[PDB]
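Enquirer: Dropping a structure here in structure tokens format, bear with me for questions.
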Amino acid sequence: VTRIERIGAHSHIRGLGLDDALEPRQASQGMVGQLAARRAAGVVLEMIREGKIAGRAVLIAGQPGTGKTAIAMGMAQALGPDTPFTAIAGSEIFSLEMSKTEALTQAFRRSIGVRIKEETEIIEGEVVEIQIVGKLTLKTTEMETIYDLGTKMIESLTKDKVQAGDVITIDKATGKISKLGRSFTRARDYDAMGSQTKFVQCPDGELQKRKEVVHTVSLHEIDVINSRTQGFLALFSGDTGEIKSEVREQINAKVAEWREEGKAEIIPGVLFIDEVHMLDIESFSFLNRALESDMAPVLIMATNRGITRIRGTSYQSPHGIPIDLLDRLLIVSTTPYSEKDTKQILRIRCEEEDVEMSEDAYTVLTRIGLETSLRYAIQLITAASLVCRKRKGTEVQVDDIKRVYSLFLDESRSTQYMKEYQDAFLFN
Amino acid sequence: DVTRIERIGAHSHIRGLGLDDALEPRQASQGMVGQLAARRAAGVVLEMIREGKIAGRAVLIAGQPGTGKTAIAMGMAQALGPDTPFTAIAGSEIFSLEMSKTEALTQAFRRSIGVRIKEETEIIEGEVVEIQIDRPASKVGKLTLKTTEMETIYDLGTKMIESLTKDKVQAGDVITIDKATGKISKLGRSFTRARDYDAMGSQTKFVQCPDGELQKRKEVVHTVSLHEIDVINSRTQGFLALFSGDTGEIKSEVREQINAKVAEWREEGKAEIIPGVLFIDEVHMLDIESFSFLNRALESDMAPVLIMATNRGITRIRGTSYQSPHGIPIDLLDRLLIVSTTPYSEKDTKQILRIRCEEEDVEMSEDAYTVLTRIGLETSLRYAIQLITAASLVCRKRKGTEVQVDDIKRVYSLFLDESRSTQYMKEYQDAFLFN
Amino acid sequence: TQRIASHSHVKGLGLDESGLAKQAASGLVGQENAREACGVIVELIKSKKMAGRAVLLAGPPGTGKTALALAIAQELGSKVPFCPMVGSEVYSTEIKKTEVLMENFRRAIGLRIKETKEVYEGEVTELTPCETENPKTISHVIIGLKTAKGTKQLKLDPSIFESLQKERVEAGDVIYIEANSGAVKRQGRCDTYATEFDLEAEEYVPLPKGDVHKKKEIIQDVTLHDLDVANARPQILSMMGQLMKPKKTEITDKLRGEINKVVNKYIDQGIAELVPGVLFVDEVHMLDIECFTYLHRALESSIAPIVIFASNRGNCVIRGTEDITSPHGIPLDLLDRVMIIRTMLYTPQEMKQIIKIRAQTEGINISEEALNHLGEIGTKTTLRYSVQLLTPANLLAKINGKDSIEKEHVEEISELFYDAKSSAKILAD
Amino acid sequence: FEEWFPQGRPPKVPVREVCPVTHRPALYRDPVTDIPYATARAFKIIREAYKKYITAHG
Amino acid sequence: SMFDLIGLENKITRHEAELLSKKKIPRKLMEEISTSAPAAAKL
Ligand SMILES: Nc1ncnc2c1ncn2[C@@H]1O[C@H](COP(=O)(O)OP(=O)(O)O)[C@@H](O)[C@H]1O
Ligand SMILES: Nc1ncnc2c1ncn2[C@@H]1O[C@H](COP(=O)(O)OP(=O)(O)O)[C@@H](O)[C@H]1O
Ligand SMILES: Nc1ncnc2c1ncn2[C@@H]1O[C@H](COP(=O)(O)OP(=O)(O)O)[C@@H](O)[C@H]1O
Ligand SMILES: [Mg+2]
Ligand SMILES: [Mg+2]
Ligand SMILES: [Mg+2]
């Protein structure tokens with residue numbers, strides 16, 4: 001069945017393909033070539049796992065199509081889902097709801113997980129009888145007990161309309177009641193059931209259990225929850241506005257106290273900002289200070305620009321980043337692919353897309369990709385597969401590649417054809 | 001001694017304009033040094049403000065940086081007193097996300113016009129000598145007040161009984177009752193509560209017994225600006241917006257209604273207009289739209305006296321491509337008088353440094369005064385002023401009593417002025433960003 | 001705290017008693033003149049006499065400007081409020097830039113409130129009224145309070161009978177009574193009467209410890225901005241306000257003046273003590289002309305904190321102007337109001353000292369030859385780059401089963417990762 | 001007066017019940033025998049003893 | 001409503017959801033319940 005997630009541009013990548021010594025293996029876990037860059041990404045991944053040093057910034061820089069985002073996806077896959085990995089595009093911070101600095105702060109705080117443990121003492125059981133002073137009788141498969149009821153407790157039992165046969169949980173620390181459902185029985189079967197009705201088995205073991213529960217949240221979620229009375233709604237709608245510095249400072253201090261008490265754990269993650277050259281000078285200046293915080297995640301960036309104009313200024317800088325921020329980060333450089341690496345990337349893409357191709361087809365597709373671009377060849381893989389299926393074939397041949405090459409143009413051929421008829425296109 | 005909210009600021013030495021009865025400035029009075037022509041002009045403008053008969057008179061204080069424009073404005077503010085409103089804003093304050101620039105300029109103008117309301121109130125003031133309240137379980141009660149001159153027993157209505165119970169009025173309390181609305185205020189106690197009562201852990205001072213008649217016809221003076229009236233009348237919960245500043249563009253119809261009723265209140269005896277001063281420092285940050293609004297705004301009868309300051313020469317008007325004197329359009333310059341400030345001399349600089357040392361409580365030698373005056377003339381007045389404080393700290397670090405030349409040379413070497421810092425920046429220009 | 005940041009090794013200005021900077025102390029190396037001037041600035045802050053004094057840290061990148069500011073902050077302690085800001089933060093979407101600046105100014109003025117409360121707390125053991133003939137009439141209400149220390153009887157004013165029945169105080173209930181108002185507050189049944197069979201939570205409380213009568217001192221630290229925010233929007237109007245987004249508001253000068261008056265009244269009454277602090281504005285060159293102009297007036301206020309600016313832009317065009325260049329991206333008018341402290345480039349020896357201190361703080365064992373190689377790399381490239389190589393080289397060494405960084409690990413890490421200049425060279429080609 | 005000033009005798013300290021099976025501080029009471037207990041095994045033993053008693057008595 | 005998430009924020013808890021998932025009645029128990037279809041004394 002077609003699940004929500006389908007074959008995308010990075011579906012074949014399932015990690016960095018490194019060994020225990022971080023030596024890059026050729027054609028491992030979907031990664032081909034980029035040996036030096038993959039080794040550097042492994043070193044950065046070890047830094048992220050260690051977590052000791054906050055605010056380390058890494059810029060993955062290279063030519064278009066050299067696997068920068070592929071390396072980022074490999075890092076995200078190799079890193080466990082427990083550790084946060086916030087992947088955004090540079091253009092996601094330009095919002096009408098909040099300033100750019102607020103958006104970068106929220107991206108920073110979303111990339112730091114905090115794991116909070118909590119112990120509670122609850123009484124869970126099936127209600128046998130309730131008498132309106134008051135008395136309540138509960139039972140499990142192993143025990144039966146009767147309690148005396150206070151004024152607030154009898155009020156809570158009445159308001160929730162707890163009836164005999166229900167399964168309820170009452171927290172001794174707070175005295176609140178929650179109805180988990182009603183136990184099914186010979187007499188409680190009905191022709192229609194209410195929306196809230198849930199059938200549940202009688203609880204096992206002892207009534208008064210001691211719980212240990214661990215909640216995994218992030219600093220941004222804590223900020224939003226503490227932003228206003230119904231702040232957790234903004235965890236859905238995103239209408240968080242600009243969270244005040246008071247709330248953030250009080251949360252940083254409370255989390256520090258929690259970690260000192262052993263209640264919470266901090267899991268520093270990664271903030272990947274692809275296409276980082278969309279950030280403006282204000283964003284870069286904010287990042288220069290934001291990375292100096294001890295609650296800063298490890299920052300990874302990707303760009304393909306050369307000596308280009310910094311957005312928001314008239315200055316030109318390498319990678320479109322001012323040298324203040326470039327001095328604060330390490331640069332990993334990608335390398336253009338060889339013929340062998342191109343062919344192996346095409347083979348892995350065919351294996352993911354479930355396409356069978358003849359060897360001559362592999363040679364011609366590799367030549368096309370070397371001459372035009374790797375992405376164009378990847379697209380022509382599925383194009384030729386479709387054209388072959390329309391032909392009632394079972395293996396993609398060179399003729400199908402020539403067919404799709406004639407049907408779908410690349411940038412160069414399309415540009416040449418546009419220039420040939422430039423009198424018809426607008427605003428040349 | 002104790003560290004107050006207000007500390008020694010850049011103009012804490014300014015106490016006024018330092019003028020005589022004939023508005024002839026003194027050489028050194030009320031913290032002012034020099035600027036004889038500028039201070040005489042400021043005195044004439046202050047008299048024009050205090051007379052209040054002429055509306056929308058604009059004066060621009062123009063001069064070189066550090067020549068005392070803000071000092072003269074603060075002197076005018078000090079000599080004006082708190083009775084007359086004096087709203088000082090930076091020109092960059094009008095650029096708001098909550099309201100248009102013209103709305104901001106209107107609120108600034110309307111904040112600089114006080115409305116002094118007067119009303120007569122019936123006030124009962126006396127010592128509670130006996131209070132009896134009897135309630136079922138309507139309320140009945142009896143209250144006796146004394147004021148040295150008389151002792152009257154009152155039979156209390158239900159609403160007065162409720163107010164007295166809410167205030168928790170007890171015998172021995174000096175209270176005030178507003179007969180117009182029944183509000184009860186306690187001025188203080190006249191003697192202790194019974195010593196036999198536990199807790200009640202206080203021995204507060206006891207105010208003296210009231211004198212004269214119990215009930216007096218008291219006239220009370222309440223002053224509100226036009227902006228407060230506007231914000232209060234703008235919506236049902238307007239008063240909350242006076243503090244939070246969440247005031248949208250107040251409807252012009254409400255402002256016209258207020259201007260009309262205020263005119264009636266001044267034709268009647270209910271209120272008196274106190275027109276004040278709006279001081280827009282660094283007015284060159286205003287754009288062409290704000291100056292164009294100021295042109296029409298000064299023609300209103302409710303406009304205050306507008307004082308402006310800027311050091312810009314012939315410069316480009318913000319939002320345009322045209323250059324005009326002071327960064328102000330010629331159309332607004334026509335509507336104002338320009339007051340020019342002159343650079344100081346050695347004597348004036350030395351006197352200013354002396355006054356700043358006196359306000360900072362720094363004892364400094366005469367040779368130190370000479371070297372600091374030379375530094376201030378060479379570099380800047382503010383730089384020498386800041387070296388006063390730095391040299392005081394360096395002298396106290398060495399356990400010295402009087403700031404000597406060695407301390408001034410030390411702090412001069414430690415802290416650079418714009419010129420030496422610029423020279424060193426040029427000497428290392430390749431290390432700085434973008435050349 | 002536990003995680004290691006770029007400035008986690010900065011523990012303060014390494015100054016002696018005479019105000020001179022040691023060559024290397026408290027994690028700082030060199031910058032003797034700049035540390036001495038920062039020392040005079042720290043004394044200025046601690047003097048509390050002056051308001052609105054500005055100092056500009058100016059110098060090349062990686063010359064310790066932010067390290068010196070955080071060293072000043074460490075010297076001042078945690079009592080003095082030190083508010084870090086970056087110039088990019090003024091461009092908010094909820095409020096004007098001048099409001100952001102004024103809010104950060106008021107964040108750097110601290111106020112310490114001292115509250116002394118007298119309370120009589122304990123488990124109620126009797127509530128007997130004292131009948132009398134009026135000169136049934138009661139002249140006192142005797143309440144017996146029990147604590148783990150003992151029992152006390154209080155001859156309370158008879159009027160407290162209303163509050164006792166309002167609070168439904170009964171024998172065996174834990175209460176506390178404040179000395180001033182004399183109103184009783186009930187806090188639950190004493191836990192000595194709680195059984196394991198009855199279900200209630202809030203209605204039970206342990207017997208108070210200590211003497212029945214207590215004098216409690218509560219000290220709270222606030223900023224003037226905290227009071228501003230509290231009085232600007234107090235917490236059905238509350239329902240609508242909490243449902244809608246509570247945006248920042250352009251707090252009026254009226255509210256700030258009223259709050260200044262209230263704080264002055266508290267300081268006169270002795271309830272409160274002011275702790276004026278420091279606002280640090282890094283990357284101040286991101287401010288626009290309107291912000292710098294506003295700062296002209298803000299620094300002349302008698303209420304302003306001491307502000308520390310930092311810039312490295314050199315002769316650069318002022319933001320929000322066209323072609324108006326200034327020595328640091330700051331208009332010359334503001335530069336006349338600030339003292340400038342220059343920061344200077346480091347020598348190779350100072351770079352080696354900083355690298356060693358960083359390695360110590362990160363917990364990294366570095367060999368002498370490795371330290372020399374990384375220093376020589378840092379004399380090329382940048383200091384920041386050489387520092388950043390420390391932990392990846394330590395990890396590379398740990399992979400190879402070495403407890404200390406060897407030179408080969410530094411060489412390999414340098415071969416893997418490139419600096420800004422090497423990348424510029426690759427881009428040019 | 002007596003409504004506003006009830007002379008309430010101080011509450012008696014509750015009996016700190018103990019489980020007759022394991023002699024642990026009692027946490028529960030069985031609704032059917034009204035005997036306190038502290039663990040599930042205690043509950044089973046109490047109910048077996050109760051059915052023994054009720055068979056012996058009638 | 002199977003996709004309604006925000007409605008669960010005021011109706012259930014993660015631990016309660018785990019309990020519900022663990023203790024849901026299986027088919028055989030319902031079949032048995034359809035097929036089959038204490039006097040206290042103060043001692
Ligand atoms: N190292 C690699 N191994 C395998 N496939 C790669 C690699 N790098 C790029 N690709 C392929 O090319 C595309 C990814 O290129 P991408 O990383 O987006 O380039 P850029 O650096 O411009 O972002 C994917 O379709 C993927 O199949
Ligand atoms: N005539 C004067 N008398 C006393 N102090 C002065 C005088 N002129 C300037 N000063 C002080 O010198 C400094 C100059 O700043 P300021 O007066 O704001 O100049 P401007 O507003 O022209 O830039 C301030 O501290 C000011 O109080
Ligand atoms: N003199 C010094 N002694 C010790 N550490 C320093 C010194 N100067 C800079 N550092 C450290 O090296 C890095 C330089 O960054 P920073 O001080 O922020 O430079 P910038 O002046 O560019 O802001 C920081 O981690 C800082 O703690
Ligand atoms: Mg990409
Ligand atoms: Mg001025
Ligand atoms: Mg820095």
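Each residue's number is its place along the chain shown, starting with 1.
This entry, so its header tells us, was determined using electron microscopy, 3.4 Å.
Cβ coordinates are placed from backbone N, Cα and C, and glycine is handled just like the others.
Pulled these from Swiss-Prot:
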- B:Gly63, B:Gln64, B:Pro65, B:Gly66, B:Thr67, B:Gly68, B:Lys69, B:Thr70: ATP binding site (BINDING)
- B:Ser419: phosphoserine (MOD_RES)
- B:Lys426: SUMO2 cross-link (CROSSLNK)
Enquirer: Between B:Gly68 (ATP binding site) and B:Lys426 (SUMO2 cross-link), what is the CA-CA distance rounded to a whole number of Å?
Expert: 31
Enquirer: Let me spell it out: for each of the binding-site residues (B:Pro65, B:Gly66, B:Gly68), count the other Cβ atoms within 10 Å of that residue's Cβ, using every protein chain shown. Which one has the most?
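Expert: The residue with the most neighbouring Cβ atoms within 10 Å is B:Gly68.
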Enquirer: Tell me the Cα distance separating the residue listed as 'phosphoserine' from B:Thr67 (ATP binding site), rounded to the nearest angstrom.
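Expert: Taking the Cα atoms only, B:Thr67 (ATP binding site) lies 19 Å from the residue listed as 'phosphoserine'.
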Enquirer: Pick the one among the binding-site residues B:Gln64, B:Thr67, B:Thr70 whose Cβ has the fewest other Cβ atoms within 10 Å in this structure.
Expert: B:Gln64
Enquirer: Apart from B:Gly63, B:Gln64, B:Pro65, B:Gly66, B:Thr67, B:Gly68, B:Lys69, B:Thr70, which residues in this chain have a Cβ no more than 8 Å from the mean position of the Cβ atoms of those residues at the ATP site?
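Expert: Neighbours within 8 Å of the Cβ centroid, excluding B:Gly63, B:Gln64, B:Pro65, B:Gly66, B:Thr67, B:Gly68, B:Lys69, B:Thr70: B:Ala71, B:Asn311, B:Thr341.
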Enquirer: Whose Cβ, among the recorded positions B:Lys69, B:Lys426, has more other Cβ atoms within 10 Å than any of the rest?
Expert: B:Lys69
Enquirer: List the recorded positions B:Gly63, B:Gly66, B:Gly68, B:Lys69, B:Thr70, B:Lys426 whose Cβ sits under 6 Å from any atom of ligand 5, in sequence order.
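Expert: Near the molecule: B:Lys69, B:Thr70.
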Enquirer: Go through the recorded positions B:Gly63, B:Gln64, B:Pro65, B:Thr67, B:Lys69, B:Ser419 one by one and keep only those whose Cβ is less than 8 Å from a Cβ of chain C; report them in sequence order, or 'none'.
Expert: B:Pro65
Enquirer: Report, in whole Å, the straight Cα-to-Cα distance of B:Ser419 (phosphoserine) from B:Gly63 (ATP binding site).
Expert: 21
Enquirer: If you measure B:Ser419 (phosphoserine) to B:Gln64 (ATP binding site) at Cα, how many Å is it?
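Expert: Roughly 17 Å, rounded to the nearest whole number.
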Enquirer: Could you check which of the recorded positions B:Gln64, B:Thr70, B:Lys426 have their CB within less than 6 A of ligand 2?
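Expert: If the test is a Cβ under 6 Å from any atom of ligand 2, the answer is B:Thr70.
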Enquirer: Using the structure shown, find which entry in B:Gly63, B:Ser419 (the recorded positions) has the sparsest Cβ neighbourhood within 10 Å.
Expert: B:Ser419
Enquirer: State the Cα to Cα distance, in Å, between B:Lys69 (ATP binding site) and B:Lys426 (SUMO2 cross-link), rounded to an integer.
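Expert: It is 32 Å, counting Cα to Cα.
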Enquirer: At the Cα level, what's the spacing in Å between B:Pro65 (ATP binding site) and B:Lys426 (SUMO2 cross-link), rounded?
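Expert: The Cα atom of B:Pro65 (ATP binding site) is 24 Å away from the Cα atom of B:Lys426 (SUMO2 cross-link).
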Enquirer: Please report the distance from the Cα of B:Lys426 (SUMO2 cross-link) to the Cα of B:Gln64 (ATP binding site), rounded to the nearest angstrom.
Expert: 26
Enquirer: What does DSSP assign B:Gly68 (ATP binding site), in three states?
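Expert: Looking at the DSSP assignment, B:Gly68 (ATP binding site) belongs to neither helix nor strand, so coil.
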